[PDB]
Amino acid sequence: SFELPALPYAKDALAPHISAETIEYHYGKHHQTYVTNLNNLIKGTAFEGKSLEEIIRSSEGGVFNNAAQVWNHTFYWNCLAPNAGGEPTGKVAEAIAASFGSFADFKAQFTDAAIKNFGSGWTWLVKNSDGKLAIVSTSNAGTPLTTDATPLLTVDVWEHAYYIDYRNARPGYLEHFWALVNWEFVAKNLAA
């Protein structure tokens, strides 16, 4: 039995960039349904009692799709915050400049990958096995946890993440995403 983790801020704290209505549906209905579907699928199985990351790394099918979406959305909500956004400093800024040349080049490449990601999915900044940073996109519930790369930051590009506020304009959603990035959470993941 897994519980929907509390949001680390109020429902309206990302407004106007992501509306209170979008959190009401995206957290309150979509992320909640993935926890309920996961609890129903693993009841009575060898997956009950394993951690969420263990389930994601050992399953496939509906158990995988729901477990990875529960984890992926909790990671996403922790990637956003009120009174954040802007350019990183410190260790994060040094690693981003070393791998992409500059913060501006990273932002441009991450925005391009997130807009080109066809269909539903997620676009990720990851730390590779060799210590270098990379941008990778996944489809549907796919996550870097099934690989050797460590996830540092993500953006949800499933249409429910932005359709209430931006309709078809996924570029506008990505421009507002940058005003919300919680670089303290990215710093915690870089040093993990």
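We number the residues from 1 along the sequence you see.
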property	result
Of 112-120 and 71-79, the one with larger mean CA B-factor	112-120
Stretch with the greater mean C-alpha B-factor as recorded in the entry, comparing 133-141 against 40-48	40-48
Chain-relative CA temperature factor third for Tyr9	highest
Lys127 by Cα B-factor - lowest, middle or highest third of the modelled chain	highest
Ranked against its chain, the third holding the CA B-factor of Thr154	lowest
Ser59 CA temperature factor, ranked by third within the chain	middle
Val186 - which third its CA temperature factor falls in, relative to the rest of the chain	lowest
